[PDB]
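One chain comes next, on its own, written out as structure tokens in the form deposited in one PDB entry.
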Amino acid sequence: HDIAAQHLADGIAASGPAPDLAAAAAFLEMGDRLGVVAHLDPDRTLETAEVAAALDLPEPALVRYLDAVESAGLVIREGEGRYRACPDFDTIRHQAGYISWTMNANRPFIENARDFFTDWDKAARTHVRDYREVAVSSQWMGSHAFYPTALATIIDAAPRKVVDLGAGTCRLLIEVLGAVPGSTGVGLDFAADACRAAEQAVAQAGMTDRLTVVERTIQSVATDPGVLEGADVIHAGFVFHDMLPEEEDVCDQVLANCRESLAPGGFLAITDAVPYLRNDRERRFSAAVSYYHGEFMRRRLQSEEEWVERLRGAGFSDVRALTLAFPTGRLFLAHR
């Protein structure tokens, strides 16, 4: 009893927040794969009869899942068959994003490291990340750690035209056009699924005449930069590093074309990951990001000094670097 009480207090201190985070991440990744997490919100209820039909799940199984997440404190049962997310659900979901990204999205690298160390080329084509999991976990991490800064910076500039390179479902552009009256936008993406999803979301928002979705590569902007002309802001979120070190010349031409294409006073806003930071807050997650990129994906992450030298080499007059809450994430504002 006395020995057990001391071990209890010691063990609680040692475990800290890891049981809570471990549980949240597993429930939310499972729920997201089922399509349930998208219907969970702190300001409205999920009706199980309707959601089970929408997701093609047996309602008794959905109810048992929701009762387990209710017991966990992640949702509140309002009436029979209705559940609301807990008040701080979005922060819990944000935190879970880091765990999902390292442990789920990058799982092929965790499990097959011996293969990548022996024959990288064979391992890289065999052990491939599920890009739906990469995207969702990135979005959850971004919600509170990089997306708000990029959003507010673009809105505060009061732009007439915004171009997003690697726009995906054009969520950022739709929200910028909603806040800046009279603004136009171009959402460039090389995936058919993403451009079709962006098209339906643009139509739903009622801004098809203002927001144009184009299915093409960022690399095609080096030879064909017409879509960038007159842009007040050009945004590129965690995309440029995928062109380095193999497509460096094409990357530099895309950057020089961005500078020359901007309207006076315009800027190119790049969010990207800098390698292996030493400061206490950032170093652990910085090393995970840097190692997965360098060792497993062979994509070159640039320091702030490298990014500034590359951006000034593309003709930009001044470059500002801003620290994001996302560890190792930096926002570079390259002024024409």
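Under this definition, the rigid core comprises the largest set of C-alpha atoms superposing within 1.5 Å between the forms. Start at 1 and count along the sequence shown; that's the residue number.
What comes next is about the form deposited in another entry, which does not appear here.
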Query - Which one of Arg132, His144, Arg196, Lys122, by Cα shift of 2 Å or more between the shown form and the other one, core superposed - result: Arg196
Query - Shift of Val75 between the shown form and the other one at or above 2 Å (CA, core fit) - result: no
Requested in this report: Align both forms on the core first, then report whether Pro87 has a C-alpha shift of 2 Å or more between the shown form and the other one.
Outcome: no
Report task. Please check if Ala167 moves between the shown form and the other one, taking a CA shift of 2 Å or more relative to the superposed core as movement. Result -> yes
